[PDB]
Structures are given as C-alpha cells and as structure tokens.
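K.L.:
Provided herewith: target-v8.tsv, TSV, N, CA and C atoms.
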chain	number	residue	atom	x	y	z
V	348	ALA	N	0.82	-1.19	0.00
V	348	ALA	CA	0.00	0.00	0.00
V	348	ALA	C	0.87	1.26	0.00
V	349	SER	N	0.22	2.40	-0.22
V	349	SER	CA	0.90	3.68	-0.19
V	349	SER	C	1.32	4.01	1.24
V	350	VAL	N	2.09	5.09	1.38
V	350	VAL	CA	2.55	5.49	2.71
V	350	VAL	C	1.35	5.81	3.59
V	351	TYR	N	0.45	6.64	3.09
V	351	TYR	CA	-0.86	6.81	3.69
V	351	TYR	C	-1.73	5.61	3.34
V	352	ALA	N	-2.81	5.43	4.11
V	352	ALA	CA	-3.66	4.25	3.97
V	352	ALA	C	-2.85	2.96	4.08
V	353	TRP	N	-1.92	2.94	5.04
V	353	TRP	CA	-1.07	1.77	5.24
V	353	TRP	C	-1.89	0.59	5.73
V	354	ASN	N	-1.48	-0.61	5.33
V	354	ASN	CA	-2.20	-1.81	5.73
V	354	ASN	C	-2.01	-2.10	7.21
V	355	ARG	N	-2.99	-2.79	7.79
V	355	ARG	CA	-2.99	-3.13	9.21
V	355	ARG	C	-3.57	-4.54	9.32
V	356	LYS	N	-2.72	-5.52	9.61
V	356	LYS	CA	-3.13	-6.91	9.72
V	356	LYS	C	-2.94	-7.39	11.15
V	357	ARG	N	-3.94	-8.09	11.67
V	357	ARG	CA	-3.91	-8.61	13.03
V	357	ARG	C	-3.50	-10.07	13.02
V	358	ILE	N	-2.56	-10.42	13.89
V	358	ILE	CA	-2.03	-11.78	13.99
V	358	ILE	C	-2.20	-12.26	15.42
V	359	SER	N	-2.87	-13.40	15.59
V	359	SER	CA	-3.11	-13.95	16.91
V	359	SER	C	-3.31	-15.46	16.81
V	360	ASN	N	-3.15	-16.13	17.94
V	360	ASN	CA	-3.39	-17.57	18.08
V	360	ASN	C	-2.54	-18.37	17.09
V	361	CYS	N	-1.22	-18.28	17.26
V	361	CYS	CA	-0.30	-18.98	16.38
V	361	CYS	C	0.99	-19.27	17.12
V	362	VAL	N	1.82	-20.10	16.50
V	362	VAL	CA	3.21	-20.28	16.90
V	362	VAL	C	4.04	-19.44	15.94
V	363	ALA	N	4.67	-18.39	16.46
V	363	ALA	CA	5.39	-17.43	15.63
V	363	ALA	C	6.89	-17.70	15.71
V	364	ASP	N	7.52	-17.85	14.55
V	364	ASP	CA	8.96	-18.03	14.45
V	364	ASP	C	9.53	-16.74	13.86
V	365	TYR	N	10.40	-16.08	14.62
V	365	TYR	CA	11.03	-14.85	14.18
V	365	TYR	C	12.43	-15.06	13.63
V	366	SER	N	12.97	-16.28	13.73
V	366	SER	CA	14.28	-16.56	13.16
V	366	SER	C	14.25	-16.62	11.64
V	367	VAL	N	13.09	-16.88	11.05
V	367	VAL	CA	12.99	-16.91	9.59
V	367	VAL	C	13.17	-15.51	9.02
V	368	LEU	N	12.61	-14.51	9.71
V	368	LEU	CA	12.68	-13.12	9.20
V	368	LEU	C	14.10	-12.57	9.40
V	369	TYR	N	14.66	-12.75	10.59
V	369	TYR	CA	16.00	-12.17	10.89
V	369	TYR	C	17.06	-12.81	9.98
V	370	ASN	N	16.93	-14.12	9.72
V	370	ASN	CA	17.94	-14.83	8.89
V	370	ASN	C	17.80	-14.44	7.42
V	371	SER	N	16.67	-13.83	7.05
V	371	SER	CA	16.46	-13.38	5.65
V	371	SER	C	17.57	-12.39	5.27
V	372	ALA	N	18.19	-12.58	4.10
V	372	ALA	CA	19.31	-11.71	3.67
V	372	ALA	C	18.77	-10.44	3.02
V	373	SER	N	17.60	-10.51	2.38
V	373	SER	CA	17.05	-9.33	1.65
V	373	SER	C	16.87	-8.16	2.61
V	374	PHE	N	16.26	-8.40	3.78
V	374	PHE	CA	16.01	-7.32	4.76
V	374	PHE	C	17.28	-6.47	4.90
V	375	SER	N	17.19	-5.18	4.58
V	375	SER	CA	18.40	-4.31	4.59
V	375	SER	C	18.37	-3.77	6.02
V	376	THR	N	17.18	-3.42	6.52
V	376	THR	CA	17.04	-2.86	7.89
V	376	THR	C	16.19	-3.81	8.75
V	377	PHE	N	16.59	-4.02	10.00
V	377	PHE	CA	15.79	-4.88	10.92
V	377	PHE	C	15.90	-4.31	12.34
V	378	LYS	N	15.78	-2.99	12.48
V	378	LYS	CA	15.88	-2.37	13.80
V	378	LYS	C	14.76	-2.86	14.71
V	379	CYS	N	15.11	-3.14	15.97
V	379	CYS	CA	14.16	-3.58	16.98
V	379	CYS	C	14.23	-2.63	18.16
V	380	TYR	N	13.08	-2.12	18.59
V	380	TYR	CA	13.00	-1.18	19.70
V	380	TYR	C	12.22	-1.82	20.84
V	381	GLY	N	12.81	-1.80	22.03
V	381	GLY	CA	12.17	-2.35	23.21
V	381	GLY	C	12.32	-3.84	23.37
V	382	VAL	N	12.97	-4.52	22.43
V	382	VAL	CA	13.13	-5.97	22.49
V	382	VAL	C	14.40	-6.34	21.73
V	383	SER	N	15.02	-7.44	22.15
V	383	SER	CA	16.22	-7.94	21.50
V	383	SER	C	15.84	-8.90	20.38
V	384	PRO	N	16.34	-8.69	19.16
V	384	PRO	CA	15.95	-9.58	18.05
V	384	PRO	C	16.30	-11.04	18.30
V	385	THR	N	17.42	-11.31	18.97
V	385	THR	CA	17.76	-12.69	19.29
V	385	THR	C	16.84	-13.27	20.36
V	386	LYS	N	16.41	-12.45	21.31
V	386	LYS	CA	15.50	-12.89	22.37
V	386	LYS	C	14.04	-12.65	22.00
V	387	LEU	N	13.64	-13.14	20.83
V	387	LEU	CA	12.26	-13.02	20.37
V	387	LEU	C	11.53	-14.34	20.29
V	388	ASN	N	12.24	-15.46	20.20
V	388	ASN	CA	11.63	-16.78	20.19
V	388	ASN	C	11.28	-17.26	21.59
V	389	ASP	N	11.67	-16.53	22.63
V	389	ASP	CA	11.45	-16.93	24.01
V	389	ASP	C	10.30	-16.20	24.67
V	390	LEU	N	9.62	-15.30	23.96
V	390	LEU	CA	8.62	-14.43	24.55
V	390	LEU	C	7.22	-14.89	24.16
V	391	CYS	N	6.22	-14.17	24.68
V	391	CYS	CA	4.82	-14.45	24.38
V	391	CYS	C	4.07	-13.13	24.37
V	392	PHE	N	3.29	-12.90	23.32
V	392	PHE	CA	2.55	-11.66	23.15
V	392	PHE	C	1.08	-11.97	22.93
V	393	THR	N	0.24	-10.98	23.22
V	393	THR	CA	-1.20	-11.13	23.07
V	393	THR	C	-1.67	-10.85	21.65
V	394	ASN	N	-1.18	-9.78	21.04
V	394	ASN	CA	-1.54	-9.43	19.67
V	394	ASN	C	-0.34	-8.84	18.96
V	395	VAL	N	-0.18	-9.21	17.69
V	395	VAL	CA	0.90	-8.71	16.85
V	395	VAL	C	0.28	-8.05	15.64
V	396	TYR	N	0.66	-6.80	15.38
V	396	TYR	CA	0.17	-6.04	14.24
V	396	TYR	C	1.29	-5.85	13.23
J	942	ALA	N	-11.15	0.71	74.98
J	942	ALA	CA	-10.03	0.20	74.19
J	942	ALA	C	-9.06	1.29	73.77
J	943	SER	N	-9.25	2.52	74.24
J	943	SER	CA	-8.41	3.64	73.85
J	943	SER	C	-7.24	3.88	74.80
J	944	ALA	N	-7.05	3.00	75.79
J	944	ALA	CA	-5.99	3.21	76.77
J	944	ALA	C	-4.61	3.13	76.12
J	945	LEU	N	-4.37	2.11	75.29
J	945	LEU	CA	-3.05	1.87	74.72
J	945	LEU	C	-2.90	2.62	73.39
J	946	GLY	N	-3.02	3.94	73.47
J	946	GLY	CA	-2.86	4.76	72.28
J	946	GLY	C	-1.44	4.75	71.74
J	947	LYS	N	-0.45	4.89	72.62
J	947	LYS	CA	0.93	5.04	72.18
J	947	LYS	C	1.47	3.75	71.56
J	948	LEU	N	1.18	2.61	72.18
J	948	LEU	CA	1.66	1.33	71.66
J	948	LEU	C	1.06	1.05	70.28
J	949	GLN	N	-0.24	1.27	70.14
J	949	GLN	CA	-0.88	1.09	68.84
J	949	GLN	C	-0.32	2.06	67.82
J	950	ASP	N	-0.05	3.30	68.23
J	950	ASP	CA	0.54	4.27	67.32
J	950	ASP	C	1.89	3.80	66.80
J	951	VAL	N	2.74	3.28	67.70
J	951	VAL	CA	4.06	2.81	67.29
J	951	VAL	C	3.94	1.63	66.33
J	952	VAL	N	3.06	0.68	66.65
J	952	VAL	CA	2.87	-0.47	65.78
J	952	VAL	C	2.39	-0.03	64.40
J	953	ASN	N	1.44	0.90	64.36
J	953	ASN	CA	0.91	1.38	63.09
J	953	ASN	C	1.98	2.10	62.28
J	954	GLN	N	2.83	2.89	62.94
J	954	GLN	CA	3.89	3.60	62.23
J	954	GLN	C	4.87	2.62	61.59
J	955	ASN	N	5.29	1.61	62.35
J	955	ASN	CA	6.22	0.63	61.79
J	955	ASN	C	5.59	-0.14	60.62
J	956	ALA	N	4.32	-0.55	60.78
J	956	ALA	CA	3.64	-1.26	59.71
J	956	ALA	C	3.49	-0.39	58.47
J	957	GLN	N	3.19	0.89	58.66
J	957	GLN	CA	3.07	1.81	57.53
J	957	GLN	C	4.39	1.93	56.79
J	958	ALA	N	5.50	2.05	57.52
J	958	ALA	CA	6.80	2.15	56.86
J	958	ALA	C	7.10	0.90	56.04
J	959	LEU	N	6.86	-0.28	56.62
J	959	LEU	CA	7.12	-1.51	55.89
J	959	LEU	C	6.23	-1.64	54.66
J	960	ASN	N	4.95	-1.31	54.80
J	960	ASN	CA	4.04	-1.39	53.66
J	960	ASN	C	4.45	-0.41	52.56
J	961	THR	N	4.89	0.79	52.94
J	961	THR	CA	5.34	1.75	51.95
J	961	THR	C	6.56	1.23	51.20
J	962	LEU	N	7.50	0.59	51.90
J	962	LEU	CA	8.67	0.03	51.22
J	962	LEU	C	8.25	-1.07	50.23
J	963	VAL	N	7.39	-1.98	50.68
J	963	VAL	CA	6.96	-3.08	49.81
J	963	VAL	C	6.22	-2.54	48.60
J	964	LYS	N	5.39	-1.51	48.77
J	964	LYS	CA	4.71	-0.93	47.62
J	964	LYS	C	5.67	-0.17	46.71
J	965	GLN	N	6.71	0.45	47.28
J	965	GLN	CA	7.72	1.11	46.46
J	965	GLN	C	8.49	0.12	45.60
J	966	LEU	N	8.51	-1.16	45.99
J	966	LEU	CA	9.08	-2.17	45.09
J	966	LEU	C	8.39	-2.23	43.72
J	967	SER	N	7.28	-1.52	43.51
J	967	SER	CA	6.50	-1.67	42.29
J	967	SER	C	6.09	-0.31	41.72
J	968	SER	N	7.12	0.45	41.35
J	968	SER	CA	6.93	1.74	40.63
J	968	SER	C	7.95	1.68	39.50
J	969	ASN	N	7.59	2.09	38.28
J	969	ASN	CA	8.49	1.92	37.10
J	969	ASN	C	9.83	2.65	37.31
J	970	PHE	N	9.81	3.84	37.90
J	970	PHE	CA	11.03	4.67	38.09
J	970	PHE	C	11.54	5.11	36.73
J	971	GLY	N	10.70	5.02	35.70
J	971	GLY	CA	11.08	5.47	34.35
J	971	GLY	C	11.44	4.31	33.44
J	972	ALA	N	11.76	3.14	34.01
J	972	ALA	CA	12.20	1.99	33.19
J	972	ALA	C	11.03	1.47	32.35
J	973	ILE	N	11.30	0.51	31.47
J	973	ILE	CA	10.24	-0.07	30.59
J	973	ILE	C	9.23	-0.81	31.46
J	974	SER	N	9.69	-1.48	32.52
J	974	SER	CA	8.78	-2.29	33.38
J	974	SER	C	9.24	-2.25	34.83
J	975	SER	N	8.32	-2.50	35.77
J	975	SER	CA	8.64	-2.50	37.19
J	975	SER	C	9.14	-3.85	37.69
J	976	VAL	N	9.30	-4.84	36.82
J	976	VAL	CA	9.79	-6.16	37.18
J	976	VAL	C	11.14	-6.38	36.51
J	977	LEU	N	12.10	-6.91	37.26
J	977	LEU	CA	13.46	-7.04	36.76
J	977	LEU	C	13.59	-8.22	35.80
J	978	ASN	N	12.87	-9.31	36.06
J	978	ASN	CA	13.02	-10.51	35.24
J	978	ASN	C	12.62	-10.26	33.79
J	979	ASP	N	11.52	-9.53	33.57
J	979	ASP	CA	11.12	-9.23	32.21
J	979	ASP	C	12.11	-8.29	31.53
J	980	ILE	N	12.68	-7.35	32.27
J	980	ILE	CA	13.71	-6.48	31.69
J	980	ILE	C	14.90	-7.30	31.23
J	981	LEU	N	15.32	-8.27	32.04
J	981	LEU	CA	16.44	-9.12	31.64
J	981	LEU	C	16.08	-10.00	30.45
J	982	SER	N	14.84	-10.50	30.41
J	982	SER	CA	14.46	-11.44	29.36
J	982	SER	C	14.22	-10.76	28.02
J	983	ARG	N	13.77	-9.50	28.02
J	983	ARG	CA	13.37	-8.85	26.78
J	983	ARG	C	14.51	-8.11	26.08
J	984	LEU	N	15.55	-7.70	26.80
J	984	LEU	CA	16.57	-6.83	26.25
J	984	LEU	C	17.96	-7.42	26.46
J	985	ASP	N	18.88	-7.07	25.56
J	985	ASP	CA	20.28	-7.42	25.71
J	985	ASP	C	20.92	-6.55	26.79
J	986	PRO	N	22.02	-7.03	27.39
J	986	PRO	CA	22.63	-6.30	28.51
J	986	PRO	C	22.97	-4.86	28.18
J	987	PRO	N	23.52	-4.56	26.99
J	987	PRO	CA	23.80	-3.14	26.68
J	987	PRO	C	22.57	-2.26	26.72
J	988	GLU	N	21.42	-2.77	26.27
J	988	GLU	CA	20.18	-2.00	26.29
J	988	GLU	C	19.36	-2.21	27.55
J	989	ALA	N	19.71	-3.20	28.37
J	989	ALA	CA	19.01	-3.44	29.62
J	989	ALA	C	19.65	-2.74	30.81
J	990	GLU	N	20.93	-2.37	30.69
J	990	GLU	CA	21.62	-1.72	31.80
J	990	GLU	C	20.96	-0.40	32.17
Can you present the structure in this file as structure tokens?
P.N.:
Amino acid sequence: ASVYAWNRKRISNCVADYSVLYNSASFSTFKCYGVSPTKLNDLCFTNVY
Amino acid sequence: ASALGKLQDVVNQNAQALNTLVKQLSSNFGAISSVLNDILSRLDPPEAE
C-alpha cells in the first residue's frame, strides 16, 4: 500500500517463528525497539500487528 | 479500648513504613517495566543496563 492508507493486519493464536525473518538476507534494515531480536523466540505476546 | 494509644501508634507507624517500602518495590522509576526478570528477558545487557 501507499505510505498513507497503510495496511494493518492482526495476527493472533499462532506459533510465531522470528528466526525466519532475521535470517532473511534481503532485509536491509531490521531495527528492533524495546526488544532484542535474538531474544524473540522466548517471549509471548497477546496481539501482533 | 483507647488506653493503649501510644503502643498502637508505634505499631501502626512501623507497619506503615514496611508497607510503603513493599509498595515502592512496584513503581516503574522510568524503566520499561517494574519487574526485573522481564527487563532481563526482553533486552540485551547493553540496552538493559
């Protein structure tokens, strides 16, 4: 989508693997704020947008 | 039952001080969270210090 009218998808009730995204080579930027990218498979969240 | 005013006053003062300390254990103080274990689990040491 355009910069305005950005998409918003709700993700819940799943087993989420974040090592697939971080290991991706295409991603040029992967900044993480408030959480450690390596310490993401050990956590649990209520809703992910 | 109002005879022992001073003894009850002393007991209440000590209990108030202890309760205030225990409740002070749970104020953010500006950090991301008021619990230490989650701070250690969510962030790397450089960003958790």
K.L.:
Please, which residues of chain V, numbered as in this document, come out alpha helix (DSSP H) from DSSP, as a compact mmCIF listing (two decimals) with N, CA and C atoms, in the coordinates of the input?
P.N.:
# COMPACT_ATOMS: atom_id res chain seq x y z
N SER V 366 12.97 -16.28 13.73
CA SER V 366 14.28 -16.56 13.16
C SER V 366 14.25 -16.62 11.64
N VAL V 367 13.09 -16.88 11.05
CA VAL V 367 12.99 -16.91 9.59
C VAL V 367 13.17 -15.51 9.02
N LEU V 368 12.61 -14.51 9.71
CA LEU V 368 12.68 -13.12 9.20
C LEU V 368 14.10 -12.57 9.40
N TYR V 369 14.66 -12.75 10.59
CA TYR V 369 16.00 -12.17 10.89
C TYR V 369 17.06 -12.81 9.98
N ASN V 370 16.93 -14.12 9.72
CA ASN V 370 17.94 -14.83 8.89
C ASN V 370 17.80 -14.44 7.42
K.L.:
Distance atom C of residue J:980-atom CA of residue V:392, one decimal place?
P.N.:
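Answer for the atom C of residue J:980 to atom CA of residue V:392 separation: 15.4 Å.
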K.L.:
Can you tell me how far atom CA of residue V:394 sits from atom N of residue V:364, in Å to one decimal?
P.N.:
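Atom CA of residue V:394 sits 13.4 Å away from atom N of residue V:364.
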K.L.:
What residues in chain V lie within 9 Å of chain J, counting only C-alpha atoms, written as a list in words?
P.N.:
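So the residues of chain V near chain J are residues 381, 382, 383, 384, 385, 386, 387, 389 and 390 of chain V.
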K.L.:
From (16.9, 2.7, 33.3), in the file's coordinates, out to 6 Å: which residues are reached, counting all atoms listed in the file? Answer as a PyMOL selection string.
P.N.:
chain J and resi 971-972+990
K.L.:
When you draw a straight line from atom N of residue J:968 to atom C of residue V:380, how long is it in Å?
P.N.:
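According to the coordinates, atom N of residue J:968 and atom C of residue V:380 are separated by 21.3 Å.
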